[PDB]
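Reviewing the structure listed below.
We place every Cβ from the backbone using ideal geometry, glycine too, and count neighbours over all the protein chains shown. Just so it is clear, none of the values below were taken in a lab; they were calculated from the coordinates.
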Amino acid sequence: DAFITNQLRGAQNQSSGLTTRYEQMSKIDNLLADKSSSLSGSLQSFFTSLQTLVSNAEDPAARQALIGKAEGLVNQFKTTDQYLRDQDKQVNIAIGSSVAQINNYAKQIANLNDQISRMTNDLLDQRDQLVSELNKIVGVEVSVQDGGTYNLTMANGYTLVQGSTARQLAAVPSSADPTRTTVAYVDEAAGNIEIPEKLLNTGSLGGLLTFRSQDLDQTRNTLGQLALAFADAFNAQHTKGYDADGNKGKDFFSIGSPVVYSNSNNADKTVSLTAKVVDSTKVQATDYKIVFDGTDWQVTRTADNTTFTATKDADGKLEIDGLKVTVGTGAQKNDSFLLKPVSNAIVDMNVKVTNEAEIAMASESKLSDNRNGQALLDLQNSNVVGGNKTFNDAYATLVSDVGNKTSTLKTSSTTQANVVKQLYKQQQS
């Protein structure tokens with residue numbers, strides 16, 4: 001029977017995690033499966049309108065339609081990204097709610113431990129039920145002391161319940177990222193001690209953490225990379241053309257720039273890094289943990305965990321996947337920084353060419369010629385996203401990848417939920 005309860009608890013914990021991640025991932029899936037919004041469609045519409053234009057580069061109506069489609073493309077990028085941003089905010093709130101529930105359960109369990117210790121059937125049951133509900137949120141190991149009192153210990157060793165004593169966790173901004181809520185344990189003297197997420201990868205809390213870092217962040221970076229690569233390559237080409245009044249074409253799109261967060265554990269909080277894109281086709285869909293080891297800068301890509309020592313250019317700027325990172329002065333050993341090259345790409349994206357006449361369809365100044373227009377339409381068949389995918393290939397793959405990860409989690413979660421029901425039955429009888 002003891003073994004039975006344990007196995008059941010283990011399975012509920014696993015199930016809570018899978019189910020949470022499946023649920024959150026299904027939101028990303030549904031957002032992307034909708035063809036009535038697909039960036040593939042907004043992109044095709046943009047390119048179709050562009051092909052229409054390439055045929056009669058002089059037609060102001062066709063020029064104006066292109067602008068309309070450029071606006072819709074950017075608006076579709078922004079709509080999708082903002083939904084992902086709203087989901088991130090919900091994850092952060094859910095983390096806080098999880099911590100509050102955990103704290104609550106822990107105090108309840110400690111008080112029950114106390115009541116029980118004084119009598120020493122229903123209190124034993126009430127405690128067991130509370131323990132199982134807590135273990136659904138975050139994994140805890142039960143141990144019992146003489147007198148029959150329960151200890152509840154987390155994977156990192158934090159004693160959430162020590163007989164009559166309950167301890168608490170706290171939802172706090174992560175040290176690496178001020179916009180990110182994470183979890184800490186509470187030391188009486190030192191305050192909040194952050195727990196690395198890898199140690200909270202159990203239960204619904206672990207499902208939220210895993211979804212955010214492995215699914216949500218990556219979706220946002222892949223979408224961001226696409227918008228960036230598209231914006232920069234279209235702009236680069238547009239500016240080599242000449243508009244209807246014979247003037248040099250200008251940047252057609254605005255795009256958000258890289259952002260870098262200085263770890264709050266750093267020696268001097270005023271030390272910052274900045275990053276700028278210098279080759280959009282080498283920009284990756286990842287963030288970067290960059291650590292100054294006293295001599296060199298060690299970089300770890302969040303997307304694939306690959307690492308490397310950064311080389312510096314003549315100016316002493318770090319050279320990272322199509323970016324240059326300015327470090328300045330003040331860096332101490334073990335100082336850490338989180339570079340996000342594309343996460344704000346979309347929120348600051350906009351159409352700069354408002355005037356139908358300002359579209360640069362010509363290769364030569366009129367001072368008809370649709371050569372540059374054809375160069376822009378050819379971008380559709382070019383591998384400018386990460387150096388190896390076209391715009392269409394990059395979105396399609398994201399859609400596909402999310403869809404597949406979703407279906408798989410659906411299977412795992414249904415299976416695990418069934419395991420829970422089967423074990424519970426075998427327990428009741």
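Worth a mention:
- Check on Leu273, over 24 Å from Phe77 (Cα atoms) and buried (at least 21 other Cβ atoms within 10 Å of the Cβ): yes
- Scanning region 170-178 finds one or more residues that are among the hydroxyl-bearing types (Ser, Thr, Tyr) and surrounded by fewer than 21 Cβ atoms within 10 Å (Cβ to Cβ).
- Criterion (closer than 23 Å to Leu409 by Cβ, within 24 Å of the chain's Cα centre (by Cα) and surrounded by fewer than 16 Cβ atoms within 10 Å (Cβ to Cβ)) met by exactly one of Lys27, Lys89: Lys89
- Of all residues in region 104-155, those being of a type outside the set (A, V, I, L, M), touching a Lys or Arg at 6+ places or on another chain (Cβ under 8 Å), part of a helix (DSSP H, G or I) and more than 14 Å from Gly10 (Cα to Cα) number 1.
- The residues listed here are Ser49, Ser16; of these, the one that is within 30 Å of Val144 (Cα to Cα), part of a helix (DSSP H, G or I) and of a type in the set (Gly, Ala, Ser) is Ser16.
- Residue match in region 185-205 (condition: in contact with a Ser or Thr (Cβ under 6 Å, 6 or more places away or on another chain), assigned to a helix (DSSP H, G or I), more than 30 Å from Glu358 (Cα to Cα) and not hydrophobic (A, V, I, L, M, F, W, C)): yes
- Residue pairs meeting the criteria (Cβ under 6 Å; at least 6 apart or on separate chains; first on the phi < 0 side of the Ramachandran plot and assigned to a helix (DSSP H, G or I), in region 404-423; second surrounded by 18 or more Cβ atoms within 10 Å (Cβ to Cβ) and of a type in the set (S, T, N, Q)): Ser413/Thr19; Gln416/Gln14; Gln416/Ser15; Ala417/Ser15; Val420/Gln12; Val420/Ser15
- Taken together, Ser49, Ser38, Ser45 contain a single residue that is within 21 Å of the chain's Cα centre (by Cα), closer than 25 Å to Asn350 by Cβ and among the hydroxyl-bearing types (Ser, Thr, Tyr), which is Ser38.
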